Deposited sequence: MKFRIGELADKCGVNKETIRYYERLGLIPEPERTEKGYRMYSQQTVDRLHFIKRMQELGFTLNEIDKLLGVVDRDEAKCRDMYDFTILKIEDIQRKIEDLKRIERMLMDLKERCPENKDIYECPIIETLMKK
């Protein structure tokens, strides 16, 4: 079921085997249950949001109850919280800027130009 799991999240089988080798995802039974899908989605999205594979591994250590890689979690949380807070602030200002730019467009006054579907994408 590696192919369907690869298509579902999704990433190529190479990166799935790569995460299996890194230990980011557990060894499947003789396969790949729903938990593996949620975990893989977690890894993928976290990596998309700027987190390194090492940090993701450290977080997944909490899930697997690995005491070793859960060492010094306090400082880690503090650092990541600072980073992500600044990032959030920046993105919010940028978003307000983008909206402000959108209002200055003529189409913003047109009813048929209203972004209906794009809302739930």
item	value
Regions of the deposited sequence not represented in the model	1 to 3, 34 to 39, 131 to 132
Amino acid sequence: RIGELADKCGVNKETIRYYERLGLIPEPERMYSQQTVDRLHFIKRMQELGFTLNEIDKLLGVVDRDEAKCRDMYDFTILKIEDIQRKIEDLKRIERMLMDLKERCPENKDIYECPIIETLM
From here on, numbers count along this sequence of modelled residues.
item	value
11 to 19 versus 93 to 101 - greater average Cα B-factor per the deposited record	11 to 19
Mean C-alpha B-factor comparison - 33 to 41 and 55 to 63, higher one	33 to 41
Which of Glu48, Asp75, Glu27, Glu82 ranks first by CA B-factor in the deposited coordinates	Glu27
Cα B factor band for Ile2 (lowest, middle or highest third within the chain)	highest
